[PDB]
Enquirer: 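There's a structure below that I have some questions on.
Numbers restart at 1 for each chain; the letters A, B, ... are given by sequence-line order, proteins then strands.
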Amino acid sequence: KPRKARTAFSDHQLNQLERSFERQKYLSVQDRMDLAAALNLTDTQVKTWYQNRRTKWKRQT
DNA sequence: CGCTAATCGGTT
DNA sequence: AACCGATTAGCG
């Protein structure tokens with residue numbers, strides 16, 4: 001069952017994703033597309049990163 | 001083993 | 001179409 005390679009986010013990308021999450025728990029389609037483009041990530045990579053980050057936030061609360 | 005990226009099926 | 005919760009799985 002082929003899967004995608006695990007993305008290794010740069011420190012710059014993780015820093016900017018965490019910054020975005022501190023500002024907004026969810027992104028609009030537009031804001032997700034803008035952040036993806038700004039970080040040279042796919043829309044899916046940013047969507048999944050935000051989904052998993054909300055899961056972690058739920059657990060740590 | 002812990003952290004977390006990616007995948008699956010169900011919910012809305 | 002995006003999310004959620006459960007799950008699978010890569011790597012330090």
Enquirer: Calculate the interatomic distance between A/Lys25 atom NZ and C/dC3 atom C1'; express it in whole Å.
Expert: 12 Å
Enquirer: Rounding to an integer number of Å, can you tell me how far A/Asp31 CG sits from C/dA1 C1'?
Expert: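 Nearest whole value for this atom pair: 17 Å.
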Enquirer: CE of A/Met33 to NZ of A/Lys47: how many Å apart, nearest 0.5 Å?
Expert: 10.5 Å
Enquirer: Once each nucleotide of nucleotides 5-10 of chain C is scored for protein heavy atoms under 4.0 Å, what B/S/- sequence comes out, 5' to 3'?
Expert: S---BB
Enquirer: Consider only side-chain heavy atoms of I, L, V, M, F, W and Y, link residues closer than 4.5 Å, and tell whether A/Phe21 and A/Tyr26 are in one cluster.
Expert: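 They do not share one cluster, since no chain of ILVMFWY contacts under 4.5 Å joins A/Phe21 to A/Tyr26.
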Enquirer: I'd like to know if the side chain of A/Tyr50 and the backbone of A/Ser20 have a donor-acceptor N/O pair within less than 3.5 Å.
Expert: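 Flag set: sc A/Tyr50 to bb A/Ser20 pair under 3.5 Å.
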Enquirer: Kindly compute the distance separating CG (A/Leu41) from OG1 (A/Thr48), expressed to the nearest 0.5 Å.
Expert: 11.0 Å
Enquirer: Roughly what angle, to 10°, lies between the helix axis at the start of the helix from B/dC1-C/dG12 to B/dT12-C/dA1 and the one at its end, five pairs per end?
Expert: 20°
Enquirer: Show every donor-acceptor pair shorter than 3.5 Å between a side-chain atom in residues 1-12 of chain A and any protein atom, with sequence neighbours excluded, or say none if there are none.
Expert:
| residue | atom | partner | partner atom | Å |
| --- | --- | --- | --- | --- |
| A/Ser10 | OG | A/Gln13 | N | 3.0 |
| A/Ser10 | OG | A/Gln13 | OE1 | 3.3 |

Enquirer: Would you mind classifying the nucleic acid contact of A/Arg53 as base, sugar-phosphate or nothing, using non-hydrogen atoms under 4.0 angstrom?
Expert: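 Touches nothing.
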Enquirer: Going 5' to 3' on DNA chain B, which nucleotide is the first and which the last to come under 4.0 Å of a heavy atom in chain A?
Expert: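 Contact span on the strand: B/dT4 to B/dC8.
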Enquirer: Only pairs under 3.5 Å count here: list side-chain donor-acceptor contacts from residues 53-61 of chain A, not counting sequence neighbours, and write none if there are none.
Expert:
| residue | atom | partner | partner atom | Å |
| --- | --- | --- | --- | --- |
| A/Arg53 | NE | A/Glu18 | OE1 | 2.9 |
| A/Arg54 | NH1 | A/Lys25 | O | 2.9 |
| A/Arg54 | NH2 | A/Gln51 | OE1 | 2.8 |
| A/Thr55 | OG1 | A/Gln51 | O | 3.1 |
| A/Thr61 | OG1 | A/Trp57 | O | 2.8 |

Enquirer: How would you label the contact of A/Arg32 with the nucleic acid (heavy atoms, under 4.0 Å): base, sugar-phosphate, or nothing?
Expert: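 The residue A/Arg32 makes sugar-phosphate contact but no base contact.
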Enquirer: Does any non-hydrogen side-chain atom of A/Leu27 lie less than 4.5 Å from one of A/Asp34?
Expert: no
Enquirer: Mind checking if A/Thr48 touches a base, just sugar-phosphate, or nothing, with heavy atoms under 4.0 Å?
Expert: base
Enquirer: Rounded to the nearest 0.5 Å, what separation is found between the CH2 atom of A/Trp49 and the CG atom of A/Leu35?
Expert: 9.0 Å
Enquirer: Can you list the residues that meet the salt bridge (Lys or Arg N to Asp or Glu O under 4.0 Å) rule with A/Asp31, with sequence neighbours excluded?
Expert: none
